[PDB]
$ cat my_file-v1.csv   # CSV, N, CA and C atoms
chain,number,residue,atom,x,y,z
A,446,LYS,N,9.9,-11.7,-0.4
A,446,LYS,CA,9.8,-10.3,-0.5
A,446,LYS,C,8.8,-9.7,0.4
A,447,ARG,N,9.2,-8.7,1.2
A,447,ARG,CA,8.3,-8.2,2.3
A,447,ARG,C,8.9,-6.9,2.9
A,448,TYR,N,8.9,-5.8,2.1
A,448,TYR,CA,9.3,-4.5,2.6
A,448,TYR,C,8.4,-3.4,2.0
A,449,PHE,N,7.5,-3.7,1.0
A,449,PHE,CA,6.5,-2.9,0.6
A,449,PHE,C,5.1,-3.5,1.0
A,450,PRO,N,5.1,-4.3,2.1
A,450,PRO,CA,4.0,-5.2,2.3
A,450,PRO,C,3.0,-4.8,3.3
A,451,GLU,N,2.6,-5.7,4.2
A,451,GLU,CA,1.7,-5.4,5.4
A,451,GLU,C,0.2,-5.5,4.9
A,452,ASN,N,0.0,-6.0,3.7
A,452,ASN,CA,-1.3,-5.9,3.1
A,452,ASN,C,-1.5,-4.4,2.7
A,453,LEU,N,-2.7,-4.0,2.2
A,453,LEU,CA,-3.1,-2.6,2.0
A,453,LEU,C,-2.3,-1.8,1.0
A,454,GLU,N,-1.8,-2.5,0.0
A,454,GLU,CA,-1.2,-1.9,-1.2
A,454,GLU,C,-2.2,-1.8,-2.3
A,455,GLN,N,-3.4,-2.3,-1.9
A,455,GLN,CA,-4.6,-2.2,-2.8
A,455,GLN,C,-5.4,-0.9,-2.4
A,456,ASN,N,-4.6,0.1,-2.2
A,456,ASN,CA,-5.1,1.4,-1.8
A,456,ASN,C,-4.5,2.4,-2.9
A,457,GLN,N,-5.4,3.2,-3.5
A,457,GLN,CA,-5.0,4.0,-4.7
A,457,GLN,C,-4.3,5.3,-4.3
A,458,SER,N,-3.8,5.4,-3.1
A,458,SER,CA,-3.0,6.5,-2.5
A,458,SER,C,-1.6,6.0,-2.5
A,459,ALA,N,-1.4,4.7,-2.5
A,459,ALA,CA,-0.1,4.1,-2.4
A,459,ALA,C,0.6,4.0,-3.7
A,460,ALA,N,-0.2,3.8,-4.8
A,460,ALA,CA,0.3,3.6,-6.2
A,460,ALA,C,1.6,4.3,-6.6
A,461,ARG,N,1.8,5.5,-6.1
A,461,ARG,CA,3.0,6.3,-6.4
A,461,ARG,C,4.2,5.8,-5.5
A,462,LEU,N,3.9,5.7,-4.2
A,462,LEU,CA,4.9,5.2,-3.2
A,462,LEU,C,5.2,3.7,-3.5
A,463,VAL,N,4.3,3.1,-4.2
A,463,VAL,CA,4.4,1.7,-4.6
A,463,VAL,C,5.7,1.5,-5.5
A,464,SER,N,5.8,2.2,-6.6
A,464,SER,CA,6.8,2.0,-7.6
A,464,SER,C,8.1,2.6,-7.2
A,465,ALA,N,8.1,3.6,-6.3
A,465,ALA,CA,9.3,4.3,-5.8
A,465,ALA,C,10.2,3.4,-5.0
A,466,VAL,N,9.6,2.5,-4.1
A,466,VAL,CA,10.3,1.5,-3.3
A,466,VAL,C,10.7,0.3,-4.2
A,467,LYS,N,9.8,-0.1,-5.1
A,467,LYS,CA,10.0,-1.2,-6.0
A,467,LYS,C,11.2,-1.0,-7.0
A,468,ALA,N,11.3,0.2,-7.5
A,468,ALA,CA,12.4,0.6,-8.4
A,468,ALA,C,13.7,1.1,-7.6
A,469,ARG,N,13.8,0.5,-6.4
A,469,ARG,CA,14.9,0.9,-5.5
A,469,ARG,C,15.3,-0.4,-4.8
A,470,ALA,N,14.9,-1.6,-5.3
A,470,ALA,CA,15.0,-2.9,-4.8
A,470,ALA,C,16.2,-3.6,-5.4
A,471,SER,N,16.8,-4.5,-4.6
A,471,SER,CA,17.9,-5.4,-5.1
A,471,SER,C,17.6,-6.9,-4.6
A,472,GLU,N,18.2,-7.8,-5.3
A,472,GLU,CA,18.0,-9.2,-5.0
A,472,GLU,C,19.1,-9.8,-4.1
A,473,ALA,N,18.7,-10.8,-3.3
A,473,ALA,CA,19.5,-11.4,-2.3
A,473,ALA,C,20.6,-12.4,-2.9
A,474,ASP,N,21.5,-11.8,-3.7
A,474,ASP,CA,22.6,-12.5,-4.3
A,474,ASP,C,23.6,-12.8,-3.2
A,475,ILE,N,23.8,-14.1,-2.9
A,475,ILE,CA,24.7,-14.6,-1.8
A,475,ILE,C,26.0,-13.9,-1.7
A,476,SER,N,26.7,-13.8,-2.9
A,476,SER,CA,28.0,-13.2,-3.0
A,476,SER,C,28.0,-11.7,-2.8
A,477,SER,N,26.9,-11.0,-3.2
A,477,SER,CA,26.8,-9.5,-3.1
A,477,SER,C,26.7,-9.1,-1.6
A,478,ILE,N,26.1,-10.0,-0.8
A,478,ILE,CA,25.9,-9.7,0.7
A,478,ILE,C,27.3,-9.9,1.4
A,479,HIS,N,28.0,-10.9,1.0
A,479,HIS,CA,29.3,-11.2,1.6
A,479,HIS,C,30.4,-10.1,1.3
A,480,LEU,N,30.2,-9.5,0.1
A,480,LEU,CA,31.2,-8.4,-0.3
A,480,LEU,C,31.0,-7.1,0.5
A,481,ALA,N,29.8,-6.9,1.0
A,481,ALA,CA,29.5,-5.7,1.8
A,481,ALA,C,30.0,-5.9,3.2
A,482,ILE,N,30.0,-7.1,3.8
A,482,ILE,CA,30.5,-7.4,5.1
A,482,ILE,C,32.0,-7.4,5.1
A,483,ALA,N,32.6,-7.8,4.0
A,483,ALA,CA,34.1,-7.9,3.9
A,483,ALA,C,34.8,-6.6,3.6
A,484,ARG,N,34.1,-5.7,2.9
A,484,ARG,CA,34.6,-4.4,2.5
A,484,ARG,C,34.7,-3.4,3.7
A,485,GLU,N,34.0,-3.8,4.8
A,485,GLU,CA,34.0,-3.0,6.0
A,485,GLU,C,35.3,-3.0,6.8
A,486,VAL,N,36.1,-4.1,6.6
A,486,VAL,CA,37.4,-4.2,7.3
A,486,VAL,C,38.6,-4.2,6.4
A,487,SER,N,38.4,-4.6,5.2
A,487,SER,CA,39.5,-4.8,4.2
A,487,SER,C,40.1,-3.4,3.8
A,488,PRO,N,41.5,-3.3,3.7
A,488,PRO,CA,42.2,-2.1,3.2
A,488,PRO,C,42.0,-1.9,1.7
A,489,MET,N,41.9,-0.7,1.3
A,489,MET,CA,41.8,-0.3,-0.1
A,489,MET,C,43.0,0.4,-0.7
A,490,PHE,N,43.1,0.5,-2.0
A,490,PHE,CA,44.1,1.2,-2.7
A,490,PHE,C,43.6,2.1,-3.8
A,491,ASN,N,42.3,1.8,-4.2
A,491,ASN,CA,41.6,2.7,-5.1
A,491,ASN,C,40.5,3.5,-4.4
A,492,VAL,N,40.4,4.8,-4.7
A,492,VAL,CA,39.4,5.6,-4.0
A,492,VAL,C,38.0,5.4,-4.7
A,493,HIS,N,37.3,4.4,-4.3
A,493,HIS,CA,36.0,4.0,-4.8
A,493,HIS,C,34.9,5.1,-4.4
A,494,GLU,N,33.9,5.2,-5.2
A,494,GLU,CA,32.8,6.1,-5.0
A,494,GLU,C,31.4,5.5,-5.4
B,742,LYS,N,-0.7,2.9,16.8
B,742,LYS,CA,-1.7,2.7,15.7
B,742,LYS,C,-3.1,3.3,16.1
B,743,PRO,N,-3.5,4.3,15.3
B,743,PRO,CA,-4.8,5.0,15.6
B,743,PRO,C,-6.0,4.2,15.2
B,744,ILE,N,-7.1,4.4,16.0
B,744,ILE,CA,-8.4,3.7,15.7
B,744,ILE,C,-9.0,4.2,14.4
B,745,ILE,N,-9.5,5.4,14.4
B,745,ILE,CA,-10.1,6.0,13.2
B,745,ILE,C,-9.0,6.5,12.3
B,746,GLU,N,-8.7,5.6,11.3
B,746,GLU,CA,-7.6,5.8,10.4
B,746,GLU,C,-7.9,5.3,9.0
B,747,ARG,N,-7.7,6.1,8.0
B,747,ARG,CA,-8.0,5.7,6.6
B,747,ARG,C,-6.9,4.7,6.1
B,748,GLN,N,-7.0,3.5,6.6
B,748,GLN,CA,-6.2,2.4,6.1
B,748,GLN,C,-6.8,2.0,4.7
B,749,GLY,N,-6.4,2.7,3.7
B,749,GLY,CA,-6.9,2.5,2.3
B,749,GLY,C,-7.2,1.1,2.0
B,750,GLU,N,-8.4,0.7,2.2
B,750,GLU,CA,-8.8,-0.7,2.0
B,750,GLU,C,-10.3,-0.8,1.5
B,751,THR,N,-10.7,-2.0,1.1
B,751,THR,CA,-12.0,-2.3,0.7
B,751,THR,C,-12.7,-3.5,1.4
B,752,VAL,N,-13.7,-3.2,2.3
B,752,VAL,CA,-14.4,-4.3,2.9
B,752,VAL,C,-15.5,-4.9,2.0
B,753,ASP,N,-15.4,-4.4,0.7
B,753,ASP,CA,-16.3,-5.0,-0.4
B,753,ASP,C,-17.7,-4.5,-0.2
B,754,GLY,N,-18.0,-3.2,-0.4
B,754,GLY,CA,-17.0,-2.2,-0.5
B,754,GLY,C,-17.5,-0.9,0.2
B,755,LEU,N,-17.5,-0.9,1.5
B,755,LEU,CA,-18.2,0.1,2.3
B,755,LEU,C,-17.5,1.5,2.4
B,756,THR,N,-16.2,1.6,2.2
B,756,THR,CA,-15.5,2.8,2.2
B,756,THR,C,-16.0,3.8,1.1
B,757,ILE,N,-16.4,3.2,0.0
B,757,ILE,CA,-16.9,4.0,-1.1
B,757,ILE,C,-18.4,4.5,-0.9
B,758,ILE,N,-18.5,5.7,-0.4
B,758,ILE,CA,-19.8,6.3,-0.2
B,758,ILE,C,-20.3,6.8,-1.5
B,759,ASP,N,-21.6,6.7,-1.8
B,759,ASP,CA,-22.2,7.0,-3.0
B,759,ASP,C,-23.6,7.7,-2.9
B,760,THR,N,-23.7,8.9,-3.5
B,760,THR,CA,-25.0,9.6,-3.6
B,760,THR,C,-25.7,8.9,-4.8
B,761,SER,N,-26.7,9.7,-5.4
B,761,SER,CA,-27.5,9.2,-6.5
B,761,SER,C,-28.3,7.9,-6.1
B,762,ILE,N,-28.2,7.6,-4.8
B,762,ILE,CA,-29.0,6.5,-4.1
B,762,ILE,C,-30.3,7.1,-3.6
B,763,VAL,N,-30.4,8.4,-3.7
B,763,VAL,CA,-31.6,9.1,-3.1
B,763,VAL,C,-32.8,9.0,-4.0
B,764,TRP,N,-32.6,8.7,-5.3
B,764,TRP,CA,-33.6,8.7,-6.3
B,764,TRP,C,-34.6,7.5,-6.2
B,765,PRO,N,-34.1,6.3,-5.9
B,765,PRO,CA,-35.0,5.2,-5.6
B,765,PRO,C,-35.8,5.3,-4.3
B,766,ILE,N,-35.3,6.1,-3.4
B,766,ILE,CA,-36.0,6.4,-2.1
B,766,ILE,C,-37.3,7.2,-2.3
B,767,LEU,N,-37.3,8.1,-3.3
B,767,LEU,CA,-38.4,9.0,-3.5
B,767,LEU,C,-39.4,8.5,-4.5
B,768,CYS,N,-38.9,8.0,-5.7
B,768,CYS,CA,-39.8,7.7,-6.8
B,768,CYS,C,-40.0,6.2,-7.1
B,769,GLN,N,-39.2,5.4,-6.4
B,769,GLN,CA,-39.2,3.9,-6.7
B,769,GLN,C,-39.9,3.1,-5.6
B,770,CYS,N,-39.5,3.3,-4.4
B,770,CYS,CA,-39.9,2.4,-3.3
B,770,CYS,C,-41.2,2.8,-2.6
B,771,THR,N,-41.9,1.8,-2.1
B,771,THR,CA,-43.1,2.0,-1.3
B,771,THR,C,-42.9,1.6,0.2
B,772,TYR,N,-43.6,2.3,1.1
B,772,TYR,CA,-43.5,2.1,2.5
B,772,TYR,C,-44.7,1.4,3.1
B,773,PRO,N,-44.6,0.8,4.3
B,773,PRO,CA,-45.8,0.1,4.9
B,773,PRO,C,-47.0,1.1,5.2
B,774,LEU,N,-46.7,2.4,5.5
B,774,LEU,CA,-47.7,3.4,5.6
B,774,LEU,C,-48.0,4.0,4.2
B,775,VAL,N,-49.2,4.4,4.1
B,775,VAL,CA,-49.8,4.9,2.8
B,775,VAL,C,-49.4,4.0,1.6
B,790,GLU,N,-50.8,-4.0,8.9
B,790,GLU,CA,-50.2,-4.3,10.2
B,790,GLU,C,-48.7,-4.2,10.2

$ encode --input "my_file-v1.csv" --output "structure tokens"
Amino acid sequence: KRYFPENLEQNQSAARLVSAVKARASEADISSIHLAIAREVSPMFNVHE
Amino acid sequence: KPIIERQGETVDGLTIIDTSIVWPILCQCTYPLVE
């Protein structure tokens, strides 16, 4: 994990911007990544949103 | 990347400026004058 990093999150100005990015995070599920690359070319029949 | 920039950090702990440090200077400490 390294997208809220760089050091310097021990600054009390970040605390708000801290949780905003953290509560917008997902985990590197192998299958979830492949499904995004495959959906780019595959034809659909249901109008997903 | 700017030189003078508040990279919110603690050098343990110089960023935190504090007054009330003036009272020991006047009524507590002694100086070499008054080799």

$ closest_residue --input "my_file-v1.csv" --among "B:764, B:790, B:749, B:758" --to "residue A:458" --atoms "all atoms listed in the file"
B:749

$ residues_around --input "my_file-v1.csv" --residues "residue A:449" --least-positions-apart "5" --cutoff "8 Å" --atoms "only N, CA and C atoms" --output "list in words"
residues 454, 462, 463, 466 and 467 of chain A

$ interface_residues --input "my_file-v1.csv" --of "chain A" --to "chain B" --cutoff "6.5 Å" --atoms "all atoms listed in the file" --output "number ranges by chain"
A: 453, 455-457

$ atom_distance --input "my_file-v1.csv" --atom1 "atom N of residue A:471" --atom2 "atom C of residue A:488"
26.1 Å

$ atom_distance --input "my_file-v1.csv" --atom1 "atom CA of residue A:448" --atom2 "atom CA of residue A:468"
12.5 Å

$ atom_distance --input "my_file-v1.csv" --atom1 "atom N of residue A:492" --atom2 "atom N of residue A:480"
18.2 Å

$ select_by_dssp --input "my_file-v1.csv" --residues "chain B" --states "alpha helix (DSSP H)" --output "list in words"
residues 764, 765, 766, 767 and 768 of chain B
